[PDB]
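For reference, the structure is listed below as structure tokens.
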Amino acid sequence: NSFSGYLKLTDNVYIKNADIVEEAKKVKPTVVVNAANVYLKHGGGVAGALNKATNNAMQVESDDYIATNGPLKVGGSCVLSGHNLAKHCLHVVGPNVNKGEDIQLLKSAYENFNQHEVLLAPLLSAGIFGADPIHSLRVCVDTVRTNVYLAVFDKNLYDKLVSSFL
Ligand SMILES: O=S1(=O)CCC[C@@](O)(CNc2ncnc3[nH]ccc23)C1
Ligand SMILES: [Cl-]
């Protein structure tokens, strides 16, 4: 495939220091994962950045989804359009530790990835969602069985994740 410069961690997990928006724009993958919240309010982090790159079309689509279906569950997901970034966007809600949500729900969140053969994704629950990215990577490796290409925004963190992996 067109994913370039990823370090192989396991049979099915690959990692790169990259902005997921730029990776999506260049590769145009079948599935890009959004680090969503239950309301699909794409304000910041991965979600705000993906939505900005769609010129707010992701938010417009998401507001119609919520008006029809109500909020997602923490640990849940929905498939919506990938707009100009991907064929599909898989919106996945990891627990927000800053809100006291159960970190055990991170495994449930990653299980959604197993419904898709290949994904471009961030580390769920990390960044502004408050969880330890080292833990998020371990849960990913131990939960996802399909092929996942992880884009880590921060270089300092990327290097720490690689160095501490084996
Ligand atoms: O500070 S972090 O590296 C800690 C680990 C999770 C993060 O990677 C999640 N946020 C992003 N990841 C990838 N591309 C992105 N574009 C815009 C935001 C963004 C941020
Ligand atoms: Cl973030």
Side-chain angles (χ1 to χ4, degrees), residues 1-10 13-59 62 72 74-75 77 80-101 103 105-110 112-113 116 118-144 147-165:
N1 52 46
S2 274
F3 291 113
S4 177
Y6 286 75
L7 184 67
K8 185 170 178 64
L9 296 182
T10 67
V13 179
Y14 295 82
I15 196 165
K16 186 179 182 182
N17 171 219
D19 183 343
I20 199 173
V21 173
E22 295 307 316
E23 287 292 300
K25 286 194 296 188
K26 177 65 177 177
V27 174
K28 308 220 205 317
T30 304
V31 180
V32 65
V33 175
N34 183 29
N37 57 61
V38 296
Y39 307 111
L40 302 180
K41 285 303 187 217
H42 308 304
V46 171
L50 290 173
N51 177 57
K52 176 177 169 194
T54 76
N55 187 39
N56 211 51
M58 177 178 285
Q59 190 64 68
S62 293
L72 298 177
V74 179
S77 71
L80 291 172
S81 179
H83 300 276
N84 55 317
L85 302 176
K87 188 171 190 300
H88 308 286
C89 179
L90 180 68
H91 295 272
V92 180
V93 183
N96 183 325
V97 169
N98 299 317
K99 298 176 180 174
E101 295 172 354
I103 192 62
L105 292 166
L106 184 54
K107 188 171 183 74
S108 307
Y110 275 118
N112 294 286
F113 289 24
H116 303 276
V118 186
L119 312 90
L120 171 62
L123 290 171
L124 297 175
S125 294
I128 65 177
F129 281 64
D132 178 0
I134 295 173
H135 178 63
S136 182
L137 176 58
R138 185 60 57 191
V139 179
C140 182
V141 160
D142 289 344
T143 305
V144 181
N147 292 325
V148 57
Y149 289 83
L150 292 169
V152 177
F153 190 83
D154 189 59
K155 174 54 166 167
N156 175 282
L157 172 63
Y158 170 86
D159 286 348
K160 288 170 179 172
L161 291 168
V162 170
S163 287
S164 64
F165 184 70

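Counting starts at 1 for both ligands and their atoms, following the listed order. Residues take their numbers from the sequence shown, with the count starting at 1. Values reported hereafter were calculated over all heavy atoms of this structure, with side chains retained and with hydrogens, waters and symmetry mates removed.
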Next on the checklist: With a 3.5 Å distance limit and no angle check, can you tell me whether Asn17 reaches the backbone of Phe153 through a side-chain donor-acceptor pair?
Outcome noted: yes

Side chains of residues 126-136: which donor-acceptor pairs under 3.5 Å do they make with residues two or more places apart or in other chains?
| residue | atom | partner | partner atom | Å |
| --- | --- | --- | --- | --- |
| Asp132 | OD1 | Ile134 | N | 2.9 |
| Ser136 | OG | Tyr110 | OH | 2.7 |
| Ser136 | OG | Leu124 | N | 3.4 |
| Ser136 | OG | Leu124 | O | 2.7 |

Checklist outcome for this item: Sequence neighbours excluded, the answer for side chain to side chain donor-acceptor pair (under 3.5 Å) partners of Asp159 is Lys155

For ligand 1, find each of its N or O atoms that sits under 3.5 Å from a protein N or O atom, and tabulate the pairs with distances to one decimal place.
| residue | atom | partner | partner atom | Å |
| --- | --- | --- | --- | --- |
| ligand 1 | 3 (O) | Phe153 | N | 3.4 |
| ligand 1 | 3 (O) | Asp154 | N | 3.1 |
| ligand 1 | 8 (O) | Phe153 | N | 3.2 |
| ligand 1 | 14 (N) | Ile20 | N | 2.9 |
| ligand 1 | 16 (N) | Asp19 | OD1 | 2.8 |

Item to check | Non-neighbouring partners of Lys160 that pass salt bridge (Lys or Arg N to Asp or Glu O under 4.0 Å), sequence neighbours left out | outcome: none

Next on the checklist: I'd like to know if the side chain of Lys16 reaches the main chain of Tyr149, judged simply by a donor and an acceptor atom lying under 3.5 Å from each other, with no hydrogens or angles considered.
Outcome noted: no

Next on the checklist: Could you check whether any side-chain N or O of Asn55 sits under 3.5 Å from a backbone N or O of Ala57, counting only pairs where one atom can act as donor and the other as acceptor?
Outcome noted: no

